[PDB]
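For reference, the chain that follows is the form deposited in one PDB entry, supplied as structure tokens.
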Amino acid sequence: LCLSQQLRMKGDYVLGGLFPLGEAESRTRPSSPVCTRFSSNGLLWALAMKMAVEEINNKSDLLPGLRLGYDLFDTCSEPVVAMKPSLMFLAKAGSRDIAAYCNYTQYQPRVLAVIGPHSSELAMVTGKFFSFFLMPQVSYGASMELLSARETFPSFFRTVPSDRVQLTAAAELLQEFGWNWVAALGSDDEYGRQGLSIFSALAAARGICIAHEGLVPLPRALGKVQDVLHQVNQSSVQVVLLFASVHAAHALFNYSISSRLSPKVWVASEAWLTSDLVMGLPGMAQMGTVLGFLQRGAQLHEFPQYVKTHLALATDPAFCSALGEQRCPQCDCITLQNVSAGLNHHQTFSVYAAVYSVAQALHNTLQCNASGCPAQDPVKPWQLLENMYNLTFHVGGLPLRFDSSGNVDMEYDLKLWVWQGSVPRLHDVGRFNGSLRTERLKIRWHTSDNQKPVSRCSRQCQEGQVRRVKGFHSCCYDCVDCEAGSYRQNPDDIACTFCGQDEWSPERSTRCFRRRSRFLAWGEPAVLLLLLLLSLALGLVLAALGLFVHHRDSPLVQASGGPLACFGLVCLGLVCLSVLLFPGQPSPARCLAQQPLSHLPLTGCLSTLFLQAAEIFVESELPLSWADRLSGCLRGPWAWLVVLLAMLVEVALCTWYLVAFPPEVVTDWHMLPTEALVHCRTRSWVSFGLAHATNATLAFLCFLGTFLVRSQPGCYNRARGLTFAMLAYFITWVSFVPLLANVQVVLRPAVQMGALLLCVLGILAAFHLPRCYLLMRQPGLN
């Protein structure tokens, strides 16, 4: 081939070029490194520029009568080797030296413009050097925001969109779909750092702000990658933005597939949204959705046939002879397969456009009209800079205009990954000219029910909650409502102090309010009914008192005892009247004057019944000799002697228990929510049993001595009533034991009340009532 000999053609105005034609596989001397390995992309782009220049020369409307030329070169993606040809371009015409002056306007450059490099790293280096001389430089691949500044790069233009537009579109998509809680990751190159720097401000200015901002280490021949993902998984975010080159994304996804990570919506850049490496990773289908933005642009349609024809021509021995009439000495031995890999690359057009732009500018500065145009002194490089701003130049029937910053405007398309088998496919669901336009019914998400994934925060906690601030830049809040055991004292100072001891407060309470003393009151529905029964209880007891003291001398009452019967009868009424001391507001006196003043009369009366029972036992069982002696003894003051003995025992027992464990008033708070309970407290059955000892013993001693006596033949017996009366006492006090321990606490004072009222009622219906009934009918009986 003779390709390498077609990199310099003459003309009235010559362009310069810088492409990565070759690659190179410790500096001790000042020598330029040598690159040998062949890269086809640089050759393809150089041939694209050659096509553009030939096409311009052929036409007649553009630069009619003038012939363009070019001078291509190699950069090796290394500043050291890319600086030398740059130093060459700005040199005295027809000379090999460069002159140092105080300013421009004293130079005679041997080129008119430069089609800059494909790399931002070299773009930054060469732009500063060029800007001193005001030599216009048009780049076809450099996409970095830092190059838009006009204070450091006055004479820089690019025909590829900057990285700001893609991030703005991503932010608008995030906002429209409603995603406030996100996580941002970027590579460890200048790429990722600049991307994060732009996106942080763009998001913070729209309501989105990030949960974590991290960098993914580059695969420079693994441990840190573990840490990065742990933080992401620890924030509960369903959306992740990845702004990284291809290698970092490949490493990250390989690691993620190796282990298990829950699927998430990944928002990509153009680096790895169309890379076969990532698409071909096994297991990639188990990570979730993949969206992105891809630019729209025409593609040259005659480039393949052009390169075929020119390669065939170079094969011609005759042409090489005429051609003679090395920047890249390694591209002379290549074949069609060495370049067929990328004859559809989407950047030849860019180079094409670049060249056209420069040409048009010249056409405008020379003031050329249709076919011929004025003769003047040659145009200087720094003159073109005035016509390049706001320049509408047509390429491939697509109008294009430069801006103040030197960028061009292009649209975008929203690409989504769809799986059909194991081969991903790219589908379009959106558009972005200046405002996003999205379609929502053509998306297939990764959730079970095909529903939009959700990632949101809260920016205002509702009144009644404590807010914990979360976020990298401290935007969002986590709202928590403390339970029903504390207040919300202040909006800040995140803590819910516990309520006061007297205070009650529910959940979500600004303050805890006071409570109410709780005790069975006198007007409670239960108390009235127990008091209504008291009226009947007193009523019937007195009537028996109205009878016994009336027929005192009758033979029937005489057998009962007469005066002895009354003393028991009156005593019963007193204990009945001792039923009112319990309810109401406790008082120290009524607490200590409740038990001992209630059971004392009972033992004062159960002696009366016992005297009768023992009387029946003397005759029914004992021998005659003892029967006569006891009959003449118990009939006398012995009856009152026993009563005094029982009274002395009861008081002594009560005094012992009184000192042993005197009941006291206690206040219970936590038993019920909104009422502090004050009530008199006892000690197990120790006090109960001690006070119950006497009447328990005397009642039993009555039962055994009169349960067995035979019924009188054809006449009322004096043993039946006592036997039936005593079993009434036993069941009442036996029956209420399970109750008093298995009822509501507040009603505990209200059950002790019943036991006496039910106890007394049975006695009046067992031993005294039968005498009253016969006495009422005594006049009619005889």
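Here, rigid core means the biggest group of C-alpha atoms that superpose within 1.5 Å across both forms. The first residue of the shown sequence is 1; numbering continues from there.
What comes next is about the form deposited in another entry, which does not appear here.
Rigid core as reference, CA moved 2 Å or more between the shown form and the other one - which of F253, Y356, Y191, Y477? The answer here is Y477.
By the 2 angstroms cut-off, has the C-alpha of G396 moved between the shown form and the other one once the rigid core is superposed? Superposed on the core, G396 moves its C-alpha less than 2 Å between the shown form and the other one.
For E121, decide whether the Cα shift between the shown form and the other one is 2 Å or greater, given a superposition on the rigid core. Comparing the forms between the shown form and the other one, which are aligned on their rigid core, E121 does not shift its C-alpha by 2 Å or more.
Is_shifted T152 between the shown form and the other one (CA, 2 Å cut-off, rigid core): No, its C-alpha moves less than 2 Å.
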